[PDB]
Amino acid sequence: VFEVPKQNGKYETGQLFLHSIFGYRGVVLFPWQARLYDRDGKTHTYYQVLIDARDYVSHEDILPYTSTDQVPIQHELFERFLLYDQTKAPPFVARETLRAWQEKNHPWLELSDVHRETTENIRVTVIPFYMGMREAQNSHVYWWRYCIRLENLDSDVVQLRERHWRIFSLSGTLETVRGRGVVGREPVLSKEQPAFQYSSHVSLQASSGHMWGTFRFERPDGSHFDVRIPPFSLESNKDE
Ligand SMILES: [Pt+2]
Ligand SMILES: [Pt+2]
């Protein structure tokens with residue numbers, strides 16, 4: 001049974017839902033507040049989500065539904081994070097392991113800002129996450145994992161062909177990567193399947209710096225245009 005989307009209120013831990021785009025069966029583990037930067041101070045609520053039969057989602061992407069059976073798979077993770085069927089709006093309540101995992105994630109999610117920008121009817125959404133070491137062997141180097149979502153609001157078909165990353169670090173050294181496709185594939189965005197979301201890692205020295213980029217898109221009429229990636233930062237340990 002599909003519920004209605006909440007217009008003023010977060011989703012309780014344990015709500016079953018489908019993703020607004022590429023609808024997969026997921027369950028929210030806990031929400032976290034993020035800062036939006038729509039280039040086109042404002043906060044926004046995102047959710048840690050455990051997916052099945054196939055991540056961080058937004059509030060507007062959650063399409064909730066209720067069920068009876070233990071629908072979500074990955075039972076080796078739900079038996080550890082959640083408790084069995086009970087009596088509450090979400091019938092899965094959170095176990096103490098999920099509360100400890102939430103307390104462990106809360107500091108690292110503070111270094112995560114969501115950035116958006118719409119260029120020629122192409123909306124890109126980038127959000128970095130931190131996984132690193134204060135000291136890598138021989139020399140201190142830590143990395144990040146940035147999630148990027150491409151969306152085509154226009155009805156015109158278009159395909160991503162080239163990427164043009166430009167990574168600047170704290171030391172003053174800046175890297176520039178012009179590559180073919182994204183994750184070794186060139187996604188197409190049309191009326192059917194208009195969105196594509198991926199994630200990749202970026203290693204860096206000095207444990208600071210910002211990253212901007214450019215995605216090259218091609219239309220069936222031969223025209224190629226560059227969409228901008230909103231410059232997102234890569235910070236560590238309580239600093240903005
Ligand atoms: Pt990572
Ligand atoms: Pt992601």
# chains A, B, ... in the order shown; residues from 1 in each chain; ligands from 1
$ residues_around --residues "residue 24 (chain A)" --least-positions-apart "4" --cutoff "10 Å" --atoms "only C-alpha atoms" --output "PyMOL selection string"
chain A and resi 17-20+51-54
$ write_last_selection --atoms "N, CA and C atoms" --output "short mmCIF file (atom, residue, chain, number, x, y, z; two decimals), in the first residue's frame"
data_model
loop_
_atom_site.label_atom_id
_atom_site.label_comp_id
_atom_site.auth_asym_id
_atom_site.auth_seq_id
_atom_site.Cartn_x
_atom_site.Cartn_y
_atom_site.Cartn_z
N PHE A 17 10.05 2.16 1.03
CA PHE A 17 9.77 3.16 0.00
C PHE A 17 10.36 2.70 -1.32
N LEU A 18 10.01 3.44 -2.37
CA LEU A 18 10.62 3.31 -3.69
C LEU A 18 11.27 4.63 -4.07
N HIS A 19 12.35 4.55 -4.84
CA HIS A 19 13.02 5.76 -5.30
C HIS A 19 12.18 6.43 -6.38
N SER A 20 12.10 7.76 -6.31
CA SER A 20 11.30 8.51 -7.28
C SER A 20 11.75 8.22 -8.71
N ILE A 51 19.44 -0.46 0.39
CA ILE A 51 18.74 -0.88 -0.82
C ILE A 51 18.81 -2.39 -0.94
N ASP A 52 17.95 -2.95 -1.79
CA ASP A 52 17.82 -4.39 -1.93
C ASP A 52 17.53 -4.75 -3.38
N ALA A 53 17.99 -5.94 -3.77
CA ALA A 53 17.74 -6.51 -5.10
C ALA A 53 18.22 -5.57 -6.21
N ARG A 54 19.48 -5.16 -6.12
CA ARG A 54 20.08 -4.28 -7.11
C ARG A 54 21.59 -4.49 -7.21
#
$ residues_near_ligand --ligand "ligand 1" --cutoff "8 Å" --atoms "only C-alpha atoms and all ligand atoms" --output "list in words"
residues 129, 130, 131, 132, 143, 144, 145 and 201 of chain A
$ write_last_selection --atoms "C-alpha atoms" --output "PDB file, in the first residue's frame"
ATOM      1  CA  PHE A 129      31.652  11.622   1.393  1.00  0.00           C
ATOM      2  CA  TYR A 130      34.833  11.126   3.406  1.00  0.00           C
ATOM      3  CA  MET A 131      36.821   7.909   3.783  1.00  0.00           C
ATOM      4  CA  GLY A 132      40.467   8.492   4.584  1.00  0.00           C
ATOM      5  CA  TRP A 143      40.522  10.221  -0.350  1.00  0.00           C
ATOM      6  CA  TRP A 144      36.792  10.841  -0.773  1.00  0.00           C
ATOM      7  CA  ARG A 145      33.837   9.253  -2.575  1.00  0.00           C
ATOM      8  CA  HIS A 201      36.654   7.916  -5.510  1.00  0.00           C
TER       9      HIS A 201
END
$ closest_atom_pairs --of "chain A" --to "ligand 2" --cutoff "10 Å" --atoms "only C-alpha atoms and all ligand atoms" --output "Markdown table"
| residue | atom | partner | partner_atom_place_in_ligand_line | distance |
| --- | --- | --- | --- | --- |
| A:55 | CA | ligand 2 | 1 (Pt) | 5.4 |
| A:56 | CA | ligand 2 | 1 (Pt) | 5.9 |
| A:57 | CA | ligand 2 | 1 (Pt) | 7.9 |
| A:125 | CA | ligand 2 | 1 (Pt) | 9.9 |
| A:126 | CA | ligand 2 | 1 (Pt) | 8.6 |
| A:127 | CA | ligand 2 | 1 (Pt) | 7.7 |
| A:128 | CA | ligand 2 | 1 (Pt) | 8.7 |
| A:129 | CA | ligand 2 | 1 (Pt) | 9.2 |
| A:145 | CA | ligand 2 | 1 (Pt) | 8.6 |
| A:146 | CA | ligand 2 | 1 (Pt) | 7.2 |
| A:147 | CA | ligand 2 | 1 (Pt) | 4.1 |
| A:148 | CA | ligand 2 | 1 (Pt) | 6.5 |
| A:149 | CA | ligand 2 | 1 (Pt) | 7.7 |
| A:197 | CA | ligand 2 | 1 (Pt) | 6.7 |
| A:198 | CA | ligand 2 | 1 (Pt) | 5.9 |
| A:199 | CA | ligand 2 | 1 (Pt) | 5.4 |
| A:200 | CA | ligand 2 | 1 (Pt) | 8.8 |
$ write_last_selection --atoms "C-alpha atoms" --output "tab-separated table (two decimals), in the first residue's frame"
chain	number	residue	atom	x	y	z
A	55	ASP	CA	23.22	4.79	-0.59
A	56	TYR	CA	22.01	8.27	0.38
A	57	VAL	CA	18.65	9.54	-0.88
A	125	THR	CA	23.73	16.83	-8.23
A	126	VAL	CA	27.07	16.14	-6.54
A	127	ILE	CA	27.64	15.16	-2.90
A	128	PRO	CA	31.01	14.03	-1.47
A	129	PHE	CA	31.65	11.62	1.39
A	145	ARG	CA	33.84	9.25	-2.57
A	146	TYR	CA	31.66	11.65	-4.57
A	147	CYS	CA	28.15	10.73	-5.70
A	148	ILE	CA	26.89	12.42	-8.88
A	149	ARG	CA	23.36	12.31	-10.30
A	197	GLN	CA	23.49	8.29	-10.75
A	198	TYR	CA	27.01	7.03	-10.09
A	199	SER	CA	29.83	7.35	-7.57
A	200	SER	CA	33.62	7.40	-7.74
$ closest_atom_pairs --of "region 77-153 of chain A" --to "region 217-234 of chain A" --cutoff "7 Å" --atoms "only C-alpha atoms" --output "tab-separated table"
residue	atom	partner	partner_atom	distance
A:115	CA	A:230	CA	6.0
A:116	CA	A:230	CA	6.1
A:117	CA	A:230	CA	5.9
A:119	CA	A:227	CA	5.3
A:124	CA	A:229	CA	6.6
$ atom_distance --atom1 "CA of residue 236 (chain A)" --atom2 "CA of residue 176 (chain A)"
22.2 Å
$ closest_atom_pairs --of "region 20-53 of chain A" --to "region 92-98 of chain A" --cutoff "10 Å" --atoms "only C-alpha atoms" --output "JSON lines"
{"residue": "A:27", "atom": "CA", "partner": "A:92", "partner_atom": "CA", "distance": 9.8}
{"residue": "A:29", "atom": "CA", "partner": "A:98", "partner_atom": "CA", "distance": 7.5}
{"residue": "A:30", "atom": "CA", "partner": "A:98", "partner_atom": "CA", "distance": 8.5}
$ write_last_selection --atoms "N, CA, C and O atoms" --output "PDB file, in the first residue's frame"
ATOM      1  N   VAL A  27      14.776   0.904   2.339  1.00  0.00           N
ATOM      2  CA  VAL A  27      14.339   1.173   3.703  1.00  0.00           C
ATOM      3  C   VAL A  27      15.273   2.212   4.304  1.00  0.00           C
ATOM      4  O   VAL A  27      16.499   2.064   4.234  1.00  0.00           O
ATOM      5  N   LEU A  29      17.298   4.049   7.095  1.00  0.00           N
ATOM      6  CA  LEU A  29      17.916   3.680   8.362  1.00  0.00           C
ATOM      7  C   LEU A  29      17.920   4.834   9.356  1.00  0.00           C
ATOM      8  O   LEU A  29      17.596   4.636  10.532  1.00  0.00           O
ATOM      9  N   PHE A  30      18.279   6.036   8.904  1.00  0.00           N
ATOM     10  CA  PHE A  30      18.255   7.237   9.731  1.00  0.00           C
ATOM     11  C   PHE A  30      18.449   8.467   8.853  1.00  0.00           C
ATOM     12  O   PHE A  30      19.168   8.405   7.847  1.00  0.00           O
TER      13      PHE A  30
END
$ residues_around --residues "residue 22 (chain A)" --least-positions-apart "4" --cutoff "9 Å" --atoms "only C-alpha atoms" --output "PyMOL selection string"
chain A and resi 18+193+195-196
$ write_last_selection --atoms "C-alpha atoms" --output "JSON list (two decimals), in the first residue's frame"
[["chain", "number", "residue", "atom", "x", "y", "z"],
["A", 18, "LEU", "CA", 10.62, 3.31, -3.69],
["A", 193, "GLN", "CA", 15.18, 6.65, -18.16],
["A", 195, "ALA", "CA", 18.38, 10.12, -14.82],
["A", 196, "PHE", "CA", 21.69, 8.39, -14.11]]
$ residues_around --residues "region 153-170 of chain A" --least-positions-apart "6" --cutoff "8 Å" --atoms "only C-alpha atoms" --output "PyMOL selection string"
chain A and resi 121-123+176-182+186-191+194+204-220
$ write_last_selection --atoms "N, CA, C and O atoms" --output "CSV table (one decimal), in the first residue's frame"
chain,number,residue,atom,x,y,z
A,121,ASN,N,19.1,22.6,-19.5
A,121,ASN,CA,18.1,21.5,-19.1
A,121,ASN,C,18.8,20.2,-18.7
A,121,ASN,O,18.2,19.1,-18.9
A,122,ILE,N,20.0,20.3,-18.1
A,122,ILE,CA,20.6,19.2,-17.5
A,122,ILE,C,21.0,19.5,-16.1
A,122,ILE,O,21.9,20.4,-15.8
A,123,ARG,N,20.4,18.8,-15.1
A,123,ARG,CA,20.6,19.1,-13.7
A,123,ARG,C,21.6,18.1,-13.1
A,123,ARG,O,21.3,16.9,-13.2
A,176,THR,N,44.0,17.7,-13.5
A,176,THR,CA,43.0,17.9,-14.6
A,176,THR,C,42.9,16.6,-15.4
A,176,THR,O,43.8,16.2,-16.0
A,177,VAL,N,41.7,16.0,-15.3
A,177,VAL,CA,41.4,14.7,-15.9
A,177,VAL,C,40.3,14.9,-17.0
A,177,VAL,O,39.2,15.1,-16.6
A,178,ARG,N,40.7,14.8,-18.2
A,178,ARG,CA,39.7,14.8,-19.3
A,178,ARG,C,39.6,13.4,-19.8
A,178,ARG,O,40.6,12.8,-20.4
A,179,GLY,N,38.5,12.7,-19.6
A,179,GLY,CA,38.3,11.3,-19.9
A,179,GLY,C,37.1,11.1,-20.7
A,179,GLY,O,36.2,11.9,-20.9
A,180,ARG,N,37.0,9.8,-21.2
A,180,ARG,CA,35.9,9.4,-22.1
A,180,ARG,C,34.9,8.7,-21.2
A,180,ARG,O,35.2,7.8,-20.4
A,181,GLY,N,33.6,9.2,-21.3
A,181,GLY,CA,32.5,8.6,-20.5
A,181,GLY,C,32.7,8.8,-19.0
A,181,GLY,O,33.4,9.6,-18.6
A,182,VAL,N,31.9,8.0,-18.3
A,182,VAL,CA,31.9,8.1,-16.8
A,182,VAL,C,31.7,6.7,-16.3
A,182,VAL,O,30.8,6.0,-16.7
A,186,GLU,N,29.0,5.5,-21.2
A,186,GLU,CA,28.4,6.7,-21.7
A,186,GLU,C,26.9,6.7,-21.6
A,186,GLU,O,26.2,6.2,-22.5
A,187,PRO,N,26.3,7.2,-20.5
A,187,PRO,CA,24.8,7.1,-20.3
A,187,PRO,C,24.1,8.1,-21.2
A,187,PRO,O,24.5,9.2,-21.5
A,188,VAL,N,22.9,7.6,-21.6
A,188,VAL,CA,22.0,8.3,-22.5
A,188,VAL,C,20.8,8.7,-21.7
A,188,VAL,O,20.3,8.0,-20.8
A,189,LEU,N,20.3,10.0,-21.9
A,189,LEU,CA,19.2,10.5,-21.1
A,189,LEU,C,18.1,11.0,-22.1
A,189,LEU,O,18.3,11.9,-22.8
A,190,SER,N,17.0,10.3,-22.0
A,190,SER,CA,15.8,10.6,-22.9
A,190,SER,C,14.6,10.7,-22.1
A,190,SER,O,14.6,10.9,-20.9
A,191,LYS,N,13.4,10.7,-22.8
A,191,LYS,CA,12.1,10.7,-22.1
A,191,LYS,C,12.0,9.4,-21.2
A,191,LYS,O,11.6,9.5,-20.0
A,194,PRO,N,15.4,9.0,-17.7
A,194,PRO,CA,16.1,10.4,-17.8
A,194,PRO,C,17.1,10.7,-16.8
A,194,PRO,O,17.8,11.8,-17.0
A,204,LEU,N,43.7,12.4,-2.6
A,204,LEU,CA,44.2,13.8,-2.5
A,204,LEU,C,45.2,13.9,-1.3
A,204,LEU,O,45.1,13.2,-0.3
A,205,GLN,N,46.2,14.8,-1.5
A,205,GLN,CA,47.1,15.1,-0.5
A,205,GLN,C,46.6,16.3,0.3
A,205,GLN,O,45.7,17.0,-0.1
A,206,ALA,N,47.3,16.6,1.4
A,206,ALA,CA,47.1,17.7,2.3
A,206,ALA,C,45.7,17.7,2.9
A,206,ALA,O,45.4,18.5,3.8
A,207,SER,N,44.8,16.7,2.5
A,207,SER,CA,43.5,16.5,3.1
A,207,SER,C,42.6,17.8,3.1
A,207,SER,O,41.9,18.1,4.0
A,208,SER,N,42.7,18.5,1.9
A,208,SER,CA,41.9,19.6,1.7
A,208,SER,C,41.9,20.0,0.2
A,208,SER,O,42.7,19.5,-0.5
A,209,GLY,N,40.9,20.8,-0.2
A,209,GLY,CA,40.7,21.2,-1.6
A,209,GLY,C,39.3,21.1,-2.1
A,209,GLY,O,38.4,20.5,-1.5
A,210,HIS,N,39.1,21.7,-3.3
A,210,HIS,CA,37.8,21.7,-3.9
A,210,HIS,C,37.9,21.1,-5.3
A,210,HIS,O,39.0,21.1,-5.9
A,211,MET,N,36.8,20.6,-5.8
A,211,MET,CA,36.8,19.9,-7.1
A,211,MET,C,35.6,20.4,-8.0
A,211,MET,O,34.5,20.3,-7.5
A,212,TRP,N,35.9,20.9,-9.2
A,212,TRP,CA,34.9,21.3,-10.1
A,212,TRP,C,35.2,20.5,-11.4
A,212,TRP,O,36.2,19.9,-11.6
A,213,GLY,N,34.2,20.5,-12.3
A,213,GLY,CA,34.3,19.7,-13.5
A,213,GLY,C,33.3,20.1,-14.6
A,213,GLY,O,32.6,21.1,-14.4
A,214,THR,N,33.4,19.4,-15.7
A,214,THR,CA,32.6,19.7,-16.9
A,214,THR,C,32.2,18.4,-17.6
A,214,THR,O,33.1,17.6,-17.8
A,215,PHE,N,31.0,18.1,-17.9
A,215,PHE,CA,30.5,16.9,-18.6
A,215,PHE,C,30.1,17.3,-20.0
A,215,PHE,O,29.4,18.3,-20.2
A,216,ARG,N,30.7,16.6,-21.0
A,216,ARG,CA,30.4,16.8,-22.4
A,216,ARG,C,29.2,16.0,-22.8
A,216,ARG,O,29.2,14.8,-22.6
A,217,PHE,N,28.2,16.6,-23.4
A,217,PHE,CA,27.0,15.9,-23.9
A,217,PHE,C,26.8,16.2,-25.4
A,217,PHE,O,27.2,17.2,-25.9
A,218,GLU,N,26.3,15.1,-26.0
A,218,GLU,CA,26.0,15.2,-27.5
A,218,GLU,C,24.6,14.9,-27.8
A,218,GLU,O,24.0,14.0,-27.2
A,219,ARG,N,24.0,15.6,-28.7
A,219,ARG,CA,22.6,15.5,-29.2
A,219,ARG,C,22.6,14.8,-30.5
A,219,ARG,O,23.6,14.7,-31.2
A,220,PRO,N,21.4,14.2,-30.9
A,220,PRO,CA,21.4,13.5,-32.2
A,220,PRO,C,21.6,14.4,-33.4
A,220,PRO,O,21.9,13.9,-34.5
$ select_by_dssp --residues "region 10-169 of chain A" --states "alpha helix (DSSP H)" --output "count of residues only"
21
$ atom_distance --atom1 "CA of residue 138 (chain A)" --atom2 "CA of residue 175 (chain A)"
21.2 Å
$ residues_around --residues "region 43-48 of chain A" --least-positions-apart "4" --cutoff "12 Å" --atoms "only C-alpha atoms" --output "PyMOL selection string"
chain A and resi 8-15+17+19+26-38+55-62+98+101-102+105-106+109+112-115+127
$ residues_around --residues "residue 66 (chain A)" --least-positions-apart "4" --cutoff "9 Å" --atoms "only C-alpha atoms" --output "PyMOL selection string"
chain A and resi 1-3+15-17+90
$ atom_distance --atom1 "CA of residue 103 (chain A)" --atom2 "CA of residue 240 (chain A)"
20.9 Å
$ select_by_dssp --residues "region 161-232 of chain A" --states "strand (DSSP E or B)" --output "compact mmCIF listing (two decimals) with N, CA, C and O atoms, in the first residue's frame"
# COMPACT_ATOMS: atom_id res chain seq x y z
N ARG A 161 29.26 12.04 -23.12
CA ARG A 161 30.40 11.51 -23.86
C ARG A 161 31.71 11.65 -23.12
O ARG A 161 32.46 10.67 -22.99
N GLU A 162 32.03 12.84 -22.62
CA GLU A 162 33.33 13.12 -22.03
C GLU A 162 33.18 13.80 -20.68
O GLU A 162 32.18 14.47 -20.41
N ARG A 163 34.18 13.60 -19.83
CA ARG A 163 34.27 14.25 -18.53
C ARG A 163 35.50 15.15 -18.51
O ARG A 163 36.46 14.93 -19.26
N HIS A 164 35.48 16.16 -17.64
CA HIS A 164 36.60 17.10 -17.60
C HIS A 164 36.76 17.56 -16.14
O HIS A 164 36.38 18.67 -15.75
N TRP A 165 37.33 16.67 -15.33
CA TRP A 165 37.55 16.99 -13.92
C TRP A 165 38.72 17.94 -13.76
O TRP A 165 39.71 17.88 -14.50
N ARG A 166 38.60 18.85 -12.79
CA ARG A 166 39.65 19.81 -12.46
C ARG A 166 39.73 19.88 -10.94
O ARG A 166 38.95 20.60 -10.31
N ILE A 167 40.67 19.14 -10.36
CA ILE A 167 40.76 18.97 -8.91
C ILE A 167 41.89 19.85 -8.39
O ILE A 167 43.05 19.67 -8.77
N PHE A 168 41.55 20.79 -7.50
CA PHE A 168 42.53 21.64 -6.84
C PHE A 168 42.66 21.22 -5.38
O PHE A 168 41.65 20.98 -4.70
N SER A 169 43.89 21.14 -4.89
CA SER A 169 44.18 20.72 -3.53
C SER A 169 44.77 21.87 -2.72
O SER A 169 45.05 22.95 -3.24
N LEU A 174 47.24 21.18 -8.65
CA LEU A 174 45.91 20.88 -9.16
C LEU A 174 46.01 19.89 -10.31
O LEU A 174 46.91 19.99 -11.16
N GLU A 175 45.10 18.92 -10.32
CA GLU A 175 45.04 17.89 -11.34
C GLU A 175 43.90 18.18 -12.31
O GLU A 175 42.92 18.84 -11.96
N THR A 176 44.04 17.68 -13.54
CA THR A 176 43.05 17.89 -14.58
C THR A 176 42.90 16.60 -15.37
O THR A 176 43.85 16.17 -16.03
N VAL A 177 41.71 16.00 -15.31
CA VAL A 177 41.44 14.71 -15.94
C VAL A 177 40.34 14.90 -16.97
O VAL A 177 39.17 15.09 -16.60
N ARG A 178 40.70 14.84 -18.24
CA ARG A 178 39.74 14.81 -19.34
C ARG A 178 39.63 13.37 -19.82
O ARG A 178 40.60 12.82 -20.36
N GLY A 179 38.47 12.75 -19.60
CA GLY A 179 38.30 11.34 -19.87
C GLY A 179 37.07 11.06 -20.71
O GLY A 179 36.19 11.91 -20.88
N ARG A 180 37.02 9.84 -21.24
CA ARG A 180 35.90 9.38 -22.05
C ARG A 180 34.86 8.72 -21.16
O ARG A 180 35.17 7.82 -20.38
N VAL A 182 31.89 8.02 -18.29
CA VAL A 182 31.87 8.07 -16.83
C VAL A 182 31.72 6.65 -16.31
O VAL A 182 30.76 5.96 -16.67
N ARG A 185 31.41 4.11 -19.03
CA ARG A 185 30.17 4.00 -19.78
C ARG A 185 29.64 5.39 -20.10
O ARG A 185 29.85 6.34 -19.35
N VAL A 188 22.89 7.58 -21.64
CA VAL A 188 21.97 8.33 -22.49
C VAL A 188 20.76 8.73 -21.65
O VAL A 188 20.28 7.95 -20.83
N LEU A 189 20.29 9.96 -21.86
CA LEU A 189 19.18 10.52 -21.09
C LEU A 189 18.09 10.97 -22.06
O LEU A 189 18.29 11.93 -22.82
N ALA A 195 17.40 9.84 -15.85
CA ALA A 195 18.38 10.12 -14.82
C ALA A 195 19.40 8.99 -14.72
O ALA A 195 19.10 7.84 -15.04
N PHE A 196 20.60 9.35 -14.28
CA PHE A 196 21.69 8.39 -14.11
C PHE A 196 22.54 8.85 -12.94
O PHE A 196 23.03 9.99 -12.94
N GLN A 197 22.72 7.98 -11.95
CA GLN A 197 23.49 8.29 -10.75
C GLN A 197 24.64 7.31 -10.61
O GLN A 197 24.47 6.11 -10.80
N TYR A 198 25.82 7.84 -10.27
CA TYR A 198 27.01 7.03 -10.09
C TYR A 198 27.82 7.59 -8.93
O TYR A 198 27.46 8.59 -8.31
N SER A 199 28.94 6.92 -8.63
CA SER A 199 29.83 7.35 -7.57
C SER A 199 31.24 6.90 -7.90
O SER A 199 31.45 5.85 -8.52
N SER A 200 32.22 7.70 -7.47
CA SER A 200 33.62 7.40 -7.74
C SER A 200 34.47 7.97 -6.61
O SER A 200 34.03 8.83 -5.85
N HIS A 201 35.71 7.49 -6.53
CA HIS A 201 36.65 7.92 -5.51
C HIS A 201 37.62 8.95 -6.07
O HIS A 201 37.87 9.01 -7.28
N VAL A 202 38.16 9.78 -5.18
CA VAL A 202 39.16 10.78 -5.53
C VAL A 202 40.16 10.87 -4.38
O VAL A 202 39.79 11.24 -3.26
N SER A 203 41.41 10.52 -4.65
CA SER A 203 42.48 10.62 -3.66
C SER A 203 43.12 12.00 -3.71
O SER A 203 43.14 12.66 -4.75
N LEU A 204 43.66 12.43 -2.57
CA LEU A 204 44.18 13.78 -2.48
C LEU A 204 45.18 13.87 -1.34
O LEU A 204 45.08 13.15 -0.34
N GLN A 205 46.16 14.76 -1.50
CA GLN A 205 47.11 15.08 -0.45
C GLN A 205 46.65 16.31 0.32
O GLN A 205 45.70 17.00 -0.07
N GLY A 209 40.86 20.76 -0.18
CA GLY A 209 40.74 21.18 -1.56
C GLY A 209 39.32 21.09 -2.09
O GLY A 209 38.45 20.49 -1.47
N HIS A 210 39.09 21.70 -3.25
CA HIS A 210 37.79 21.68 -3.91
C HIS A 210 37.93 21.10 -5.32
O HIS A 210 39.01 21.09 -5.91
N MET A 211 36.81 20.61 -5.84
CA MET A 211 36.80 19.92 -7.13
C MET A 211 35.63 20.41 -7.96
O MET A 211 34.47 20.32 -7.52
N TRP A 212 35.92 20.91 -9.16
CA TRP A 212 34.91 21.28 -10.14
C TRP A 212 35.17 20.51 -11.43
O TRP A 212 36.24 19.93 -11.63
N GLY A 213 34.17 20.51 -12.31
CA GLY A 213 34.30 19.71 -13.52
C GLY A 213 33.33 20.14 -14.60
O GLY A 213 32.56 21.09 -14.44
N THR A 214 33.38 19.40 -15.70
CA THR A 214 32.56 19.67 -16.88
C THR A 214 32.24 18.35 -17.57
O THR A 214 33.14 17.56 -17.83
N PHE A 215 30.96 18.13 -17.85
CA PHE A 215 30.50 16.95 -18.57
C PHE A 215 30.13 17.34 -20.00
O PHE A 215 29.37 18.29 -20.20
N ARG A 216 30.65 16.60 -20.97
CA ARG A 216 30.36 16.84 -22.37
C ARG A 216 29.18 15.98 -22.81
O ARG A 216 29.18 14.76 -22.60
N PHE A 217 28.18 16.62 -23.41
CA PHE A 217 26.98 15.94 -23.87
C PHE A 217 26.81 16.15 -25.37
O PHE A 217 27.16 17.21 -25.91
N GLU A 218 26.27 15.14 -26.05
CA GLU A 218 26.03 15.19 -27.48
C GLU A 218 24.57 14.89 -27.78
O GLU A 218 23.96 14.01 -27.17
N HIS A 224 27.21 19.44 -29.64
CA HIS A 224 27.75 19.05 -28.35
C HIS A 224 27.82 20.27 -27.44
O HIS A 224 28.19 21.37 -27.89
N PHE A 225 27.45 20.09 -26.18
CA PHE A 225 27.44 21.17 -25.21
C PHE A 225 28.03 20.69 -23.90
O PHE A 225 27.96 19.50 -23.56
N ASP A 226 28.61 21.62 -23.15
CA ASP A 226 29.25 21.34 -21.88
C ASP A 226 28.34 21.78 -20.74
O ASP A 226 27.90 22.93 -20.71
N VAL A 227 28.07 20.87 -19.81
CA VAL A 227 27.33 21.19 -18.59
C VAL A 227 28.32 21.34 -17.45
O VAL A 227 29.35 20.66 -17.41
N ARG A 228 28.03 22.27 -16.54
CA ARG A 228 28.94 22.57 -15.45
C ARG A 228 28.62 21.71 -14.23
O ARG A 228 27.47 21.37 -13.97
N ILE A 229 29.67 21.36 -13.49
CA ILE A 229 29.54 20.66 -12.22
C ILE A 229 29.76 21.68 -11.11
O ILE A 229 30.80 22.35 -11.10
N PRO A 230 28.82 21.85 -10.18
CA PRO A 230 29.00 22.83 -9.10
C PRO A 230 30.22 22.50 -8.26
O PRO A 230 30.38 21.35 -7.81
N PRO A 231 31.11 23.47 -8.05
CA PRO A 231 32.35 23.18 -7.31
C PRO A 231 32.10 22.79 -5.87
O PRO A 231 31.65 23.61 -5.06
N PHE A 232 32.38 21.53 -5.54
CA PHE A 232 32.20 21.01 -4.19
C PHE A 232 33.55 20.87 -3.50
O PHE A 232 34.58 20.69 -4.15
$ decode --residues "region 84-94 of chain A" --atoms "N, CA, C and O atoms" --output "JSON list (two decimals), in the first residue's frame"
[["chain", "number", "residue", "atom", "x", "y", "z"],
["A", 84, "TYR", "N", 12.76, -7.06, 14.51],
["A", 84, "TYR", "CA", 11.71, -7.72, 13.76],
["A", 84, "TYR", "C", 10.39, -6.96, 13.80],
["A", 84, "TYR", "O", 10.31, -5.86, 14.36],
["A", 85, "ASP", "N", 9.36, -7.54, 13.19],
["A", 85, "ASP", "CA", 8.06, -6.89, 13.09],
["A", 85, "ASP", "C", 7.51, -6.56, 14.48],
["A", 85, "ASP", "O", 7.54, -7.39, 15.39],
["A", 86, "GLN", "N", 7.01, -5.33, 14.63],
["A", 86, "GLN", "CA", 6.45, -4.88, 15.90],
["A", 86, "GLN", "C", 5.21, -4.02, 15.69],
["A", 86, "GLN", "O", 4.43, -4.25, 14.76],
["A", 87, "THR", "N", 5.02, -3.02, 16.56],
["A", 87, "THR", "CA", 3.85, -2.14, 16.52],
["A", 87, "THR", "C", 4.33, -0.70, 16.51],
["A", 87, "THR", "O", 4.59, -0.12, 17.57],
["A", 88, "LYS", "N", 4.45, -0.12, 15.31],
["A", 88, "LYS", "CA", 4.87, 1.26, 15.13],
["A", 88, "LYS", "C", 4.66, 1.62, 13.67],
["A", 88, "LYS", "O", 4.51, 0.74, 12.82],
["A", 89, "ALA", "N", 4.63, 2.92, 13.39],
["A", 89, "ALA", "CA", 4.44, 3.38, 12.01],
["A", 89, "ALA", "C", 5.51, 2.85, 11.07],
["A", 89, "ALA", "O", 5.16, 2.35, 9.99],
["A", 90, "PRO", "N", 6.82, 2.93, 11.39],
["A", 90, "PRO", "CA", 7.76, 2.21, 10.53],
["A", 90, "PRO", "C", 7.94, 0.77, 10.98],
["A", 90, "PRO", "O", 7.74, 0.50, 12.16],
["A", 91, "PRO", "N", 6.61, -1.96, 10.54],
["A", 91, "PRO", "CA", 6.67, -2.46, 11.92],
["A", 91, "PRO", "C", 8.10, -2.80, 12.36],
["A", 91, "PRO", "O", 8.29, -3.63, 13.25],
["A", 92, "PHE", "N", 9.08, -2.16, 11.74],
["A", 92, "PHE", "CA", 10.50, -2.43, 11.99],
["A", 92, "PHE", "C", 11.08, -1.28, 12.80],
["A", 92, "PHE", "O", 11.16, -0.14, 12.31],
["A", 93, "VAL", "N", 11.50, -1.56, 14.03],
["A", 93, "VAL", "CA", 12.14, -0.58, 14.88],
["A", 93, "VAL", "C", 13.64, -0.82, 14.84],
["A", 93, "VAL", "O", 14.12, -1.91, 14.50],
["A", 94, "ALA", "N", 14.41, 0.20, 15.19],
["A", 94, "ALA", "CA", 15.86, 0.15, 15.07],
["A", 94, "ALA", "C", 16.48, -0.57, 16.27],
["A", 94, "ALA", "O", 16.05, -0.40, 17.41]]
